[PDB]
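Following this are structure 1 and structure 2, which are two forms of one protein chain, each written alone as structure tokens.
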Structure 1
């Protein structure tokens, strides 16, 4: 109750919109902007504590069009709150359930965004190591956003044989994306079993069912991504411009950030200094501290307004 006092200053909390084992996420409204945000809540006491320093510091160093944006971090005696970009389209998994499976054309659209995000994550020196439809969300634009960076440093169905054997984090994400590709185009996992060691065994053998509806080029790509030997596996580089990926596009995956923090935004800075009745130069400095506090939150949520073609205005 007193743990939520600091948060409730800045946000109107709505329902729990989801709950994994490690954290609960609530929908909320940022009071100063009216912007919807997802707030991941973690109990420090009943927790795996390294998992959230991993995620927060990863998110501070990752700014990308298909990575879920962090805004505000609040730590209390008993809680850690992470205010994040709200993605109303929900999990990719649920879209794959409602449609039985995606067509090759629709899969490619979706998959190029995943390859974009993961390729960027690798460019910054990280490896996600937990890639699956549950960890990809559709934003308001029906564009994908990658989430849950708790295992990415410098699921077993999606885990690569080397990663389970504990021997190469970049090649393991390629494997996981192979499983993801398969799920998108088939509607089920290529390796699956109710017994965890039997699933393990299937993964090591590398043999899977190849449904009739798949094209020969899809099957080739799956065969290249799901090599048990990571040396034989296709690298991230040649994934970006693979003939299958290029189909209907004819350019490689644009993996670079289209929203890199170059300088600041003057329209956001002015509205803050105007709304708070502060010296403009002083407002430029406190934003530039980048503490991921309520001020950082307000600035970043005003960029979000600009990014969606809306006026940068507080109330």
Structure 2
């Protein structure tokens, strides 16, 4: 009976992830695939409120989109953009490591998401390959804003008790993509803590001089000597082969609304377009937010803006 409300809107499928859990599901009104993050309230908690509040406020081409927050006596449900491509983590593992060229393709997407997160006044604080998914177009989507304002990924000053720390974590990520293993690792947490504080890591033979130089700028122990996010957007390495800076500004507006989506919702709601717009622009992350955003996603995927009434 904890699933009663949910089953009004979505048809559930197989659980894909466990231990929060994650279920694949279909949104009935649009027919769009989603992923539903299911969390127990008793067996847990403000970590969830943190995240939900973050995702309500963040909207971006490289952030896994929150469509819908449902809450029951026992459960909390988060209906999220469906990323069939799987984790960045598993993809590195299959390839062993990424080429510099492929690392750059991926890394630009990470910078874009993180630069935007910082622009909105947040720090992610838990950046790692497990927190990055590929959508059906092999585009990166950032997840899990629960620790936002993994020891392997933590900046020295964070460990010692905000946006500088993210730059450091992006550095570790950069290293992992190109190397296939951590720059700092150890069985023992305090030994790891010490390696991180010292800041010395193996520099593998296959890294280009330009890779090594970027790594060295991002992985500065002193946060004040560390490349800033602004300077990362147009770093020589980042610009290689692209010749334009990372486009970090969000498409996916809060203010501009899609006319076709407004129209189809208007006919469902049997109201006029101005009423429908005011209603959408409250962004309450109820079924309306879900349906609007899912109609928009239907449209981007080149499908007709159509509800199933």
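Each form is matched to the other, and the largest set of C-alpha atoms that superpose within 1.5 Å is called the rigid core. Positions refer to the first chain, counted from 1.
Asker: Among 56, 38, 272, 41, whose C-alpha is off by 2 Å or more between structures 1 and 2 on a rigid-core fit?
Answerer: Everything else stays below 2 Å; the exception is 272.
Asker: Using a rigid core alignment, state whether the CA of residue 281 is displaced by 2 Å or more between structures 1 and 2.
Answerer: It does, since the residue 281 C-alpha is displaced 2 Å or more between structures 1 and 2 after the core fit.
Asker: After core superposition, I'd like to know whether residue 261 moves between structures 1 and 2 (criterion: C-alpha shift of 2 angstroms or more).
Answerer: After core superposition, the C-alpha of residue 261 moves 2 Å or more between structures 1 and 2.
Asker: State the core-superposed CA shift for residue 214 between structures 1 and 2, in Å to one decimal.
Answerer: Its C-alpha moves by 0.0 Å once the cores are overlaid.
Asker: Give me the C-alpha shift of residue 290 between structures 1 and 2, core superposed, in Å.
Answerer: Spelling it out: core superposed, C-alpha of residue 290 shifted, distance 2.2 Å.
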